[PDB]
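**Q** Part one of the assembly, not moved from where it sits:
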Amino acid sequence: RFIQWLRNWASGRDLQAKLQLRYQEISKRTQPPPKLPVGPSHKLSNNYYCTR
């Protein structure tokens, strides 16, 4: 349209990096339930005080 290219003659032409993320391709939600790994020598039979 004719109001479009006047934005494209002024200050270059971007058309994609809008100042809103309000449109699509903003991350909406995330589904899965989380579970945390328990790693750093939390286990037994060697993990043992007076060493740490």
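**A** Arrived safely. Numbers count the residues shown, from 1 in each chain, chains lettered A, B, ... in the order given.
**Q** Residue A:38: how many residues sit nearby?
**A** Using other C-beta atoms under 10 Å, residue A:38 has 7 other residues around it. In this view, the C-beta of every residue, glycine as well, is placed from N, C-alpha and C.
**Q** what are the phi and psi angles of it?
**A** Per-residue torsions, residue A:38: phi -120, psi 90 (degrees, to the nearest 10).
**Q** Same check on residue A:46?
**A** Dihedral angles for residue A:46 - degrees, to the nearest 10 - are phi -140, psi -30.
**Q** where's it relative to residue A:38, distance?
**A** As for residue A:46, its distance to residue A:38 is 16 Å (criterion: C-beta to C-beta, to the nearest Å).
**Q** try residue A:48
**A** For residue A:48, the distance to residue A:38 (C-beta to C-beta) stands at 16 Å.
**Q** Kindly check the end-to-end length of stretch A:41-51 for me.
**A** This stretch, stretch A:41-51, spans 11 Å end to end (C-alpha to C-alpha, to the nearest Å).
**Q** quick one: it to chain centroid distance?
**A** Remark: stretch A:41-51 is offset 36 Å from the chain centroid, using C-alpha atoms, centre = their mean, to the nearest Å.
**Q** Sequence for chain B below, add it please:
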Amino acid sequence: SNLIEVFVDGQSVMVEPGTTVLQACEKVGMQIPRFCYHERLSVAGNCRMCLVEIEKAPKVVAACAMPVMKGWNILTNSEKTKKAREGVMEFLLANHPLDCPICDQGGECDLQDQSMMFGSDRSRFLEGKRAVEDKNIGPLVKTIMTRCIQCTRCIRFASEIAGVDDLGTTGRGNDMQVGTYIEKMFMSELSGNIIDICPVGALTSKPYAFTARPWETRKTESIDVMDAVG
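**A** Chain B added:
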């Protein structure tokens, strides 16, 4: 004269010939952990928390009830003593329920000021936790006998200073209990003065019961006047 220089962590001190390892190590400004011991009581040893690794010996002894021979090296911090003070105070922290939101000695119990400094980090038990029942004795001693780590400290007090022969030990092995077999009340002089001696919060005060936690008070010393002895 009448002394032995014992190198407590390699440092000389002269005690009487016939004192204890506990009083020797407490003389040089140290604390070994104390459960089955009291100065104002007799001496037993059935908690087995004080365990020091004596030098020139493969074994470990307990500092409560043994004399001191010719001058040893009482090796307090070792790489084996900390394999013992961690060791004993992992068992007795298992067969015990999850109180202290509601345990009324919740700011001063000796499973709570030993367990940060000494001892382990996590648990591996991982199910169990026997649960005995309680009773009532008098209208002064709020009574949860579940916690009751059986340090035999209230028990000897009946044979000690308060001469009322009332309490005993009922049971065998894992299952023993402390309270009176029959439902006889226990009240005389000094009868409310056991709830200081019980080193965990298994015994507490009946009127004081649910009021406030002990980190909010302001301790100011004074004298009571209700008797002539002060």
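**Q** Please re-evaluate the neighbour count of residue A:38 in the presence of chain B.
**A** Neighbours of residue A:38 under the rule other C-beta atoms under 10 Å in any protein chain shown: 7.
**Q** can you map out the strands along chain B?
**A** B:4-5, B:7-8, B:14-15, B:53-54, B:73-75, B:141-143, B:170-172, B:175-177, B:203-205 (DSSP state E).
**Q** mind putting those in JSON lines, mean neighbour count and distance to residue B:215 included?
**A** Putting the strands of chain B into JSON lines (neighbours: other C-beta atoms under 10 Å in any protein chain shown; distance: least, C-beta to C-beta, whole Å) gives the following:
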{"stretch": "strand B:4-5", "mean neighbour count": "15", "distance to residue B:215": "43"}
{"stretch": "strand B:7-8", "mean neighbour count": "18", "distance to residue B:215": "34"}
{"stretch": "strand B:14-15", "mean neighbour count": "16", "distance to residue B:215": "38"}
{"stretch": "strand B:53-54", "mean neighbour count": "20", "distance to residue B:215": "36"}
{"stretch": "strand B:73-75", "mean neighbour count": "20", "distance to residue B:215": "35"}
{"stretch": "strand B:141-143", "mean neighbour count": "19", "distance to residue B:215": "21"}
{"stretch": "strand B:170-172", "mean neighbour count": "10", "distance to residue B:215": "36"}
{"stretch": "strand B:175-177", "mean neighbour count": "13", "distance to residue B:215": "32"}
{"stretch": "strand B:203-205", "mean neighbour count": "18", "distance to residue B:215": "16"}
